[PDB]
Amino acid sequence: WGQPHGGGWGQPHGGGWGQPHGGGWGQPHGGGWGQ
């Protein structure tokens, strides 16, 4: 198992954390960005 002992573990507090909400963030969508 992996249930919390006091209050959650690695789950978000106000909606995700460092993950994309629509698809991505800084990563390239078609081909690179400003590298």
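Residues numbered from 1 in each chain as written, not as in the entry; some residues may be left out. Heavy atoms only, no water.

- Method of determination, as given in the entry header: solution NMR.

## Details of the overall build of the chain
Then, in step 1: Along its length, the chain carries zero helices and zero strands.
Then, in step 2: With the C-alpha coordinates aligned to their principal axes, the bounding extent of the chain is approximately 45 × 20 × 15 Å.
Then, in step 3: Residue burial in the chain is summarised as follows: out of 35 residues, 6% are buried.
Then, in step 4: For the chain, the computed accessible surface area is about 3500 Å², with 53% contributed by carbon and sulfur atoms. (Helix = DSSP H or I, 4+ residues; strand = E, 2+ residues; numbered from the N terminus. Buried < 20%, exposed > 50% of the residue type's maximum accessible area, 1.4 Å probe, protein only. Areas by Shrake-Rupley, 256 points an atom, 1.4 Å probe, with all protein chains shown as cover.)

## Regarding the UniProt feature "binding site: Cu(2+) 2" in the chain
Then, in step 1: According to UniProt, the "binding site: Cu(2+) 2" feature falls on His 13, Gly 14 and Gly 15.
Then, in step 2: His 13 gets classed as exposed once you look at its relative accessible area, which sits at 83%.
Then, in step 3: A relative accessible area of 67% means that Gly 14 is categorised as exposed. (UniProt positions renumbered as here; feature names shortened; annotations may be inferred.)

## Quick look at the UniProt feature "binding site: Cu(2+) 1" in the chain
Then, in step 1: According to UniProt, the "binding site: Cu(2+) 1" feature falls on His 5, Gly 6 and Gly 7.
Then, in step 2: Using a relative accessible area of 85% as the deciding quantity, one classes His 5 as exposed.
Then, in step 3: The class of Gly 7 is exposed, set by a relative accessible area of 68%.

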